[PDB]
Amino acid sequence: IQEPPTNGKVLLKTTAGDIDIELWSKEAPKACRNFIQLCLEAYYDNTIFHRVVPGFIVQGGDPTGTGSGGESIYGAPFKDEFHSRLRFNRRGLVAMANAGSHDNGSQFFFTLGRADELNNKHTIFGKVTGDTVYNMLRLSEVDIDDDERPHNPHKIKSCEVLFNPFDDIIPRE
């Protein structure tokens, strides 16, 4: 009844403010490695938060902005990484989007509430710090047109890896 310590830290500089993410790199090494490397490759620069479901999630990480694009660093969608100590029991968690099993690419989402129904379906790989959760929540404070798409989506401008727990990440050219 206590969350494991985190290891790794990433700052997302967004149009809603700074969002600091602590990473569960021990529990979700593949997802955390993917995320860190994509940040370092500037892959998330100028990407929008294309999907907002009020009280549930805000989703981004698609370089096309359409909601159907994005790819991992591994050359194909990668495996799920669940852990019984990491549960969708509060808002402010960071997880991988997918459309089925073993379908992790680049798209990720923040939780705006509980999402118990996503337990054992989506990789949880991080959490937002207390002093940036208000900025995270502000990503969802948007007028939403059709298909859960904001009229004026917020964006990630740039990223900073404040602590890299991996030895051997070489960003692709």
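In case it trips you up, residue 1 is the first one in the sequence shown, and so on.
Going by the mean C-alpha B-factor recorded in the entry, which is higher: 64-72 or 123-131?
According to the PDB entry, the answer is 64-72.
Look over 73-81 and 88-96 in the entry and identify the one with the greater average Cα temperature factor.
That would be 73-81.
Name the one of 40, 137, 57, 48 with the greatest CA B-factor according to the PDB entry.
Answer for 40, 137, 57, 48: 40, with the highest C-alpha B-factor.
Splitting the chain's C-alpha B-factors into thirds, which one does residue 32 fall into?
CA B-factor rank for residue 32: middle third.
Within-chain third of residue 161 by Cα B-factor, per the entry:
Highest third - that is where residue 161 ends up once the chain's C-alpha B-factors are sorted.
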